Amino acid sequence: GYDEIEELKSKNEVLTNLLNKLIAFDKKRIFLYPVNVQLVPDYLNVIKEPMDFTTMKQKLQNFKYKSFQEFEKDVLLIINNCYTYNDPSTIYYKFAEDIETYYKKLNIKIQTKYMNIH
């Protein structure tokens, strides 16, 4: 009903705002789009569950996230895919450590705002 969809739309704004903050933090847009297999041929040989912020945006648009954990799962998948694929000597790896540090500074407060709606 009306209350269920209003809750969904309000929970979506909370997740959209957190996602937008993660996209803005990613200045070089390293996680904004799917890794191009034409430039990185072995990426899917290494990464079983690829994820990016544009995919996450498309999921929010379809109201595909029905829990904070579903959202957080994709965030940490983006970060952990970066640690799995790249060497720690690369900037990609440092970028993943920085977004993980930034995300961990935000997540507790965003998770509360999310839960209060229900």
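A. Quick look at empty space enclosed by the protein. Here the largest cavity is characterised by a volume of approximately 30 Å³. What lines the largest cavity is simply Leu8, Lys11, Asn12, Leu15, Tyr65, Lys66 and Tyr114. At four residues, helix 1 (residues 2-25) tops the list of elements feeding residues into the lining of the largest cavity.

B. Representation of the pattern of salt bridges. Counted according to the given criterion, the structure contains four salt bridges. Measuring nitrogen to oxygen at the nearest pair gives 2.8 Å for the salt bridge that ties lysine 59 to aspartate 74. Placement of the pair is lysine 59 in helix 3 (residues 53-61) and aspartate 74 in helix 4 (residues 68-85), with a sequence separation of 15 residues. The same class applies to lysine 59 and to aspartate 74, which are both buried.

C. Representation of the UniProt feature "domain: Bromo" (unreviewed entry) in the protein in the model. Feature annotation in UniProt places "domain: Bromo" (unreviewed entry) on residues 31-93, given in this structure's numbering. What you have in residues 31-93 is 54% helix and 0% strand, and the ends, taken at the C-alpha atoms, are 11 Å apart.

D. Fine view of unusual backbone geometry. For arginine 29, which is not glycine, the phi dihedral falls at a positive 50°. The exposure class assigned to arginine 29 is exposed, which follows from its relative accessible area of 56%. Not every positive phi belongs to a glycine, and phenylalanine 63 is a case in point at roughly 60°. When you line up the elements, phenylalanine 63 lands in the loop between helix 3 and helix 4. Exposure remark for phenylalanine 63: the relative accessible area of 26% places this residue in the partly exposed category.

Scoring rules and cut-offs
Residues numbered from 1 in each chain as written, not as in the entry; some residues may be left out. Heavy atoms only, no water. Residues with missing side-chain atoms left out of burial classes, pairs and counts. 1 Å grid on protein atoms, 1.4 Å probe; cavity = no way out; pocket = protein on both sides within 12 Å on 5 of 7 lines; lining within 4 Å. Points joined across faces, edges and corners; volume = space filled by probe spheres on them. Helix = DSSP H or I, 4+ residues; strand = E, 2+ residues; numbered from the N terminus. Salt bridge = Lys/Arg side-chain N within 4 Å of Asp/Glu carboxyl O. Buried < 20%, exposed > 50% of the residue type's maximum accessible area, 1.4 Å probe, protein only. UniProt positions renumbered as here; feature names shortened; annotations may be inferred.

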